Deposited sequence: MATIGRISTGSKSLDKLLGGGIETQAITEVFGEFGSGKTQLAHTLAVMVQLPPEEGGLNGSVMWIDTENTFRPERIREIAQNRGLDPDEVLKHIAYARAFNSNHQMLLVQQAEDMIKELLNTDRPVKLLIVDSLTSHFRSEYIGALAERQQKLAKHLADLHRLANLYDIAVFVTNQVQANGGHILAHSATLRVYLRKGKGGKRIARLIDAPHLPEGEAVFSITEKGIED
């Protein structure tokens, strides 16, 4: 398949990303608590459902939530201010809460079943969100870094296999603050550092210029 791109909702961020996040890729956004990573996830879950002329892929979404941060009412707001029907947008987001890191890993295997079901339809899965990818692994493997890295490595390998095999954009969030961070090392296809700036602006930089955007009723925008 060719490489598809999903607009983030921000012309600035899209330019930094060469058009948007890519299918057949894992995009990892990392930054401190409150930097806007989950807002970007919510926005992408709407943007992907637009037609290509508007920066989407007419795609369905699968969302794995580890922190109970998915908000359907926020999806509704973004959709209504992106000219989409909110009920239709929510109907094309498959949502699951991961209870722990082992359940999170099983959910990725379960996602493949729905990906296969929708593959030949007019609304194939084009976006798989894992928010937060690292939170359960971090809490469960305190004092056991070597074992944590083994499990994370397999999890990321599973996500890579889905991205490439089924032409999906995988978007993952990772909280990194004071003293923290191996990030995801070199595992993602693309690392995006997100931070707060003056006056509520958000600033994005590729790790390995900078885009600037705001969180609004449209999700994010310049």
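- Absent C-alpha positions map to the deposited sequence ranges 1, 210-215, in order along the chain.
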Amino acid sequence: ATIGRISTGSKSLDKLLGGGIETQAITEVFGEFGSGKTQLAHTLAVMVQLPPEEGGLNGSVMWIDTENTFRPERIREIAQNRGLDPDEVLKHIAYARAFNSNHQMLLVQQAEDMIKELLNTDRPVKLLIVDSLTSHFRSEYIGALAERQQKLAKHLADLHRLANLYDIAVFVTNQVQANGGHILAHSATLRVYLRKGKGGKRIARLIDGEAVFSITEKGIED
From here on, numbers count along this sequence of modelled residues.
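Under this definition, the rigid core comprises the largest set of C-alpha atoms superposing within 1.5 Å between the forms.
- For 149-157 versus 177-185, the mean Cα distance to the shown form in 8 other deposited structures of this protein after rigid core alignment is larger for 177-185.
- In this entry, 198-206 shows the higher mean Cα temperature factor of the pair 19-27 and 198-206.
- Higher mean CA B-factor, judged across 176-184 and 45-53 from the recorded values: 176-184.
- Reading the B-factor column for the CA atoms of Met114, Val130, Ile75, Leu127 in the entry, the top value corresponds to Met114.
- Across the residues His92, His136, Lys151, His103, the deposited record lists the maximum Cα B factor for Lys151.
- Per-chain ranking of the deposited C-alpha B factor places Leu190 in the middle third.
- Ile64: CA B factor lies in the lowest third for its chain, per the PDB record.
- In the PDB entry, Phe171 places in the lowest third of its chain by CA B-factor.
- In this PDB entry, the Cα temperature factor of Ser35 sits in the top third of its chain's modelled residues, the highest group.
- Ranked against the other modelled residues of its chain, the C-alpha B-factor of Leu107 as given in the entry falls in the lowest third.
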